[PDB]
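Enquirer: Take a look at the following structure, please.
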Amino acid sequence: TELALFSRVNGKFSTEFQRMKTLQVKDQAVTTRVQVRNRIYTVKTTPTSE
Amino acid sequence: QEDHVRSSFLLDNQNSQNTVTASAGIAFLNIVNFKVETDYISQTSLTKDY
């Protein structure tokens, strides 16, 4: 704002508002599943066992 | 052996910007000089990944 009255009375009025905002969200979800199953032999009793 | 890989990536981004500048000056013959200027800026960004 500027105001000059009678070419003698001067006035100035300068304002400034500045707002900056910042947000950051970072999510990670890692899921690992490993499953091993070995079946080698099938052991049975001989039917003639005692 | 069977193998599957599924990858999905989504990215979203928005930028907005407004700028208003309004001036008004009443300039008489060296008796009154009343000048007013207002400004207004607005920048927003929004990025969403997935």
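Identifiers in the structure tokens: chain A, B, ... in order shown; residue index from 1 per chain; ligand index from 1 in order shown.
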Pull out every residue of chain A sitting within 6 Å of chain B, counting only C-alpha atoms, and send them as a ChimeraX atom specification.
Expert: /A:1-7
Enquirer: From a backbone DSSP assignment, name each residue in chain A labelled strand (DSSP E), as a PDB file with C-alpha atoms, in the first residue's frame.
Expert:
ATOM      1  CA  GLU A   2       1.211   3.506  -0.849  1.00  0.00           C
ATOM      2  CA  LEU A   3      -0.507   6.786   0.007  1.00  0.00           C
ATOM      3  CA  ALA A   4       0.764  10.283  -0.787  1.00  0.00           C
ATOM      4  CA  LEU A   5      -1.364  13.203   0.414  1.00  0.00           C
ATOM      5  CA  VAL A   9       2.575  13.104   3.548  1.00  0.00           C
ATOM      6  CA  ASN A  10       3.872   9.750   2.298  1.00  0.00           C
ATOM      7  CA  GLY A  11       2.985   6.316   3.610  1.00  0.00           C
ATOM      8  CA  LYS A  12       3.915   2.747   2.689  1.00  0.00           C
TER       9      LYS A  12
END
Enquirer: Which distance in Å separates CA of residue 25 (chain A) and CA of residue 6 (chain B), to one decimal?
Expert: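 Computing the Euclidean distance for CA of residue 25 (chain A) and CA of residue 6 (chain B) yields 24.1 Å.
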